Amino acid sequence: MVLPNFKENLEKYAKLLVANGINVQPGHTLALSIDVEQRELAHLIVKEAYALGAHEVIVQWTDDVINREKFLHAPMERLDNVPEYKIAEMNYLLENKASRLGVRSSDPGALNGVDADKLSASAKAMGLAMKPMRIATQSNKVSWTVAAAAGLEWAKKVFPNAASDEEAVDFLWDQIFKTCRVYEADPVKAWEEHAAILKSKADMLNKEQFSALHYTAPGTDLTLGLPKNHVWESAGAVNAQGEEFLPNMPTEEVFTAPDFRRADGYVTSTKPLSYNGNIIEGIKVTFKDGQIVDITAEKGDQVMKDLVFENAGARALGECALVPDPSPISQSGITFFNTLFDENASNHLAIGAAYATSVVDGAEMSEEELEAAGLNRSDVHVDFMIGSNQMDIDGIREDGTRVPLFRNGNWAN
């Protein structure tokens, strides 16, 4: 009743993810990563990928229940290293220049109750093992896309007051479809014009080349430097083959990397965060000389401290992203407990790695150059959100001039 024409819209969504998200070309290999619960969507994705000429789709199926049992019951020795066959699966994808479509539908609290040290050692072992792919991906060597599907446990958390499970799920798909423009009569046109409006804010920032940004809101007073020759990006990338693609659907942000060596001040998080299958609440961070010097959370405090102080590069920032508080996901009043959505509802920062493309010619830079360019290197990249309708930001020019950028959570003018 809340979601009429479901099957048709779902097929319309699948088509979008494949034609416009990844942009499948003849001869391509597609890796789809997706939850078993979402087989219906997976079938539609795979059909469309072959209809557009893919030579091969490989589906890597995930499942929260089974992943939780592994974490809960396997010994550390199965959890703290990556077996060779998984590395060999990754290399086959790399070898084939596989596009990577990731459809997220997991329970935000999927791994609640798992020992802290196993989540942490598994994420470290994987972050190190999967690095070649992250590197290839963070530099648009292949098309990649992150998108969502309405998992049942996720939907119950997003809408705890739903009249029933089905209603919770309908409401989530409805948000997915609306933010991905699936209801538009011409979604491609609509995506093109959404893209244009963000691209023009990004161009305006690329021209200013601010030296730093200063954020202010209650619980927040933070100054972040920006690298020399940084690129603000949004909605739309071009891969190392001339092909256009959408890295995130939905998306409402314009973003770049700060200079990882320059951060002072403090910041209060305004959204929860799902990290390692746990929900983290009430995060606060203090920065000094470019480094995290204290990190705290009302729930999940130990998860954050372990993120930050036990992975290299994680005491520094790799992304700063702007989203107007009046934009549609922020305005829906929904908290998603999910990074792809909540990050497109609110300004956000990332702990850990900078995308290579956040600096000019960054996609052909070595790790050494990227680092010297002021772009943080890390095996983790963990977005947390800091915007609100009370937030002001100024851009700071090279001569210290303060330019209003955001006022009360929206572009200043």
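All residue numbers refer to positions in the sequence shown, first residue = 1.
Quick one: say whether 241 to 249 or 279 to 287 has the higher mean Cα B-factor in the deposited entry. It is 241 to 249 that shows the higher mean C-alpha B-factor.
If you average the Cα B factors in the entry, which is higher, 303 to 311 or 255 to 263? Here the higher of the two C-alpha B-factor means belongs to 303 to 311.
Residue of maximum C-alpha B factor among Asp170, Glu298, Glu319, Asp221, per deposited coordinates: Result of the comparison over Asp170, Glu298, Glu319, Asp221: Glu298.
At the C-alpha atoms, which of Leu152, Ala212, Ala147, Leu205 reaches the highest B-factor in this entry? The record points to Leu205.
What third of its chain, lowest, middle or highest, does the C-alpha temperature factor of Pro26 fall into? For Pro26, the deposited C-alpha B-factor lands in the highest third.
Going by the recorded CA B-factors, say which third of the chain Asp383 sits in, lowest, middle or highest. It belongs to the lowest third of the chain when residues are ordered by C-alpha B-factor.
When the deposited Cα B-factors of this chain's modelled residues are ordered and cut into thirds, is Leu41 in the lowest, the middle or the highest one? Bottom third by C-alpha B-factor.
How does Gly109 rank on Cα B-factor within its chain, lowest, middle or highest third? CA B-factor rank for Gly109: middle third.
What third of the chain, by the recorded C-alpha B-factor, contains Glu343? Its C-alpha B-factor belongs to the lowest third of this chain's values.
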